[PDB]
Structure formats: C-alpha cells, structure tokens
C-alpha cells in the first residue's frame, strides 16, 4: 500500500460506521500528475482503536480490492498508520450507499433501474469469479452509487463494489449470526467454509435488497431466530417487485454446488 502522511489528511464529516470502524469524508493533499498540487475529496475508514488487533484483516480486505483493477471496484488510494490509528484512504463515491439510496428513492426507482444495477453487480462478481477472488461480504451497504440515472440522456446509474471489511473468517460468531441471511448457511456452520460459492448466496441476498426498497431481509428476527431460519431451510419471501425472485432463490441455494455461475446469472438477467 501507498503510505499517506497524517499531515496530508483532513478529517471532515462522519458518514457512518462499519464493523469495528468509523467512516468520514475528508481531504487529501497530494502531488498529482505533472507535479501539480491537489486537494482531493477522499473516504477515510478508521479502525476502532479498541479493535486494532484486527488491523491485519482490516487492511487485507482493502488489499483484495487492489489486487485487480476494474471499473466496478472502488479504488484504494493508500493507508495511514499513525500511533494506534489505522486508516484506509479510498475513493469518495458521490451518491453514497445503495441501501440508503434505495430507501430514500423507493417510490421512483423502477424495475429497469434495479435490473441495470443487478447486471453491474453481476459483472463485478463475474470478474472476481474468473480471478478466483472471494469478496466475502456482498451486500447493498457495500455498493456505492457513482452516478444517478439520467432519464433525459438515457444514461444508466453506475455502481461500484466496496471492500468487504474485516473477514467473516476472523469475526466473532455473534456478528456472523447477526449477518444472516447475507452470510450463507455453510459459513455459519464453519466460517472456514468461505468459498466462491459464498458470494453467489450473498449476491442473492443483495438482489433481494435491491428489489425491496432498502428493507433488510429478516430484520424482524433476532439472532437466535435467524439461526433457526437456516436450520429449517427457509427461503426469503418474494420481493413485492418479484421480477428477480426466481434468481434470488436460485442463488440462495442451501447446496453450495448448485448455485449458478456468474456467467449463468448474467445470462438470466439479460433474458429478462
């Protein structure tokens, strides 16, 4: 990772929090191409000091996203490690997270918008699958909107996938359980079971989110009831906008080997 000086980072407004993290908008002072000085908007992700013993997995998650270059993956700019502070410096994405956007605009996002975003997510996941790279935390909170639909020029929305955060292979079991039904049943059974098939299941859950106006599936269930939902081999209810319900259920197959390839998923989306 490129090291960024603490003195070159300005922290501004809080945008939210993740698992053991706090997230801020900020500014990076840098020398750009041609030696020109710039002050650039950036996303600053800060690992909680109390959880600094997770720093390796915190940074490894961003490393994954920088292994490859792709138009649908958020860019990492560098890191700042100062004292007990572990900071990831990333691309600031203008319109924020997809789950909040879907809720704010639930009454003016139509099925073609949802389909285009699903296709873009599937394109990203196909790229990762071809590179045998596991993401491990596909969810609408980890999708960011670079630009909105422009109905007048026929320009679609454009999304990027963000880094997965600290891996479910090291997180406390209670956090994995709270993340049902994004975490697949085999990973609840054994977090070592994390596999490319993991991301097909989570992709299904994320499609459910995309079709549900920012509702969170099973949010009314406490953790014990979420665990029992998997024990009973239940499926999520069809979204009211049900056009992708079959694909959701095909991806959320309790048998990992039966989940479709992302090539097959894209074929299904393109046939709609």
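Definition used throughout: the rigid core is the maximal C-alpha set that superposes within 1.5 Å between two forms. Positions refer to the first chain, counted from 1.
Rigid core superposition in 4 other deposited structures of this protein puts the Cα atoms of one stretch, out of 217 to 225 and 66 to 74, farther from the shown form on average, and that stretch is 66 to 74. Where the structures in 4 other deposited structures of this protein are fitted on the rigid core, 76 to 84 is the one of 76 to 84 and 124 to 132 whose C-alphas sit farther from the shown form on average.
Looking at 91 to 99 and 191 to 199 together, the entry lists the larger mean B-factor for 191 to 199, computed on C-alpha atoms.
Remark: stretch with higher mean C-alpha B factor among 258 to 266 and 245 to 253 is 258 to 266. Based on the entry's C-alpha B-factors, the most elevated value among 109, 134, 121, 180 belongs to 109.
Ranking 204, 26, 239, 217 by Cα temperature factor from the entry places 239 first. In the PDB entry, a CA B factor belonging to the highest third of its chain's modelled residues is recorded for residue 232. Residue 164: CA B factor lies in the lowest third for its chain, per the PDB record. Looking at the C-alpha B-factors along this chain, the one for residue 81 belongs to the highest third. Per-chain ranking of the deposited C-alpha B factor places residue 43 in the lowest third. Ranked by C-alpha B-factor against the other modelled residues of its chain, residue 125 falls in the lowest third.
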